[PDB]
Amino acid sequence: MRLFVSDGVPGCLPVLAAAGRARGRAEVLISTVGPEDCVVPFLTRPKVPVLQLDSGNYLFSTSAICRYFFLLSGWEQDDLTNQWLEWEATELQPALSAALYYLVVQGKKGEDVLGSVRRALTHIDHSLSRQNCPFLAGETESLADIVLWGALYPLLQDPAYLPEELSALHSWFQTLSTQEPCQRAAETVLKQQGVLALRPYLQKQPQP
């Protein structure tokens, strides 16, 4: 199977962190591509990352790709994980998109960036500290953790953007960032340049 990625596209972050779960059941061929190459035959607009499966099918959803890698590792679907992933796609994503836009495209700083995601970050913090556990649904890092980490990393890598009152969110985030597959993905995707690598992608995106 072939995973298509592109430099500085934030969706490539969770899929690369998850891609190791595929280690036993399959070889994942990684193909670094351009940000406007249309790899999916039925999709008009280019999308990255994309996974081209051995069956000839295409996964074009980043969460579906991570789910597939975990399923290959023998992970089983659970309701709490579905809840987190649905919330990530529908609530977290639009908030993060506004924040990262404000941060990277318009050079805004501080609360002009954070304001967009404060509610979503608080939700994660609250859930992490309601339960007593260090992970989102599990007693060890799992699909929801990788998905949320991957979305959050481009903003929360700068500790100015992780509110000090949200200490539960703080630990969890650091714990995950200090895990090898995450470091590597972070390095692969962001080319160790903070959020600077993201600018070409974020500029093509619509203002709020």
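Residue indices: 1-based, along the sequence shown.
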item	value
Residue stretch of maximal mean CA temperature factor, 181-189 vs 19-27	19-27
Segment of higher mean CA temperature factor, 161-169 or 59-67	161-169
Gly11 CA temperature factor, ranked by third within the chain	lowest
Third assignment of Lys108 from its chain's C-alpha B-factors	highest
Chain-wide C-alpha B factor ranking for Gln131, given as lowest, middle or highest third	highest
Entry-reported Cα temperature factor of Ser142, expressed as the chain third it lands in	middle
Chain-relative CA temperature factor third for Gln174	highest
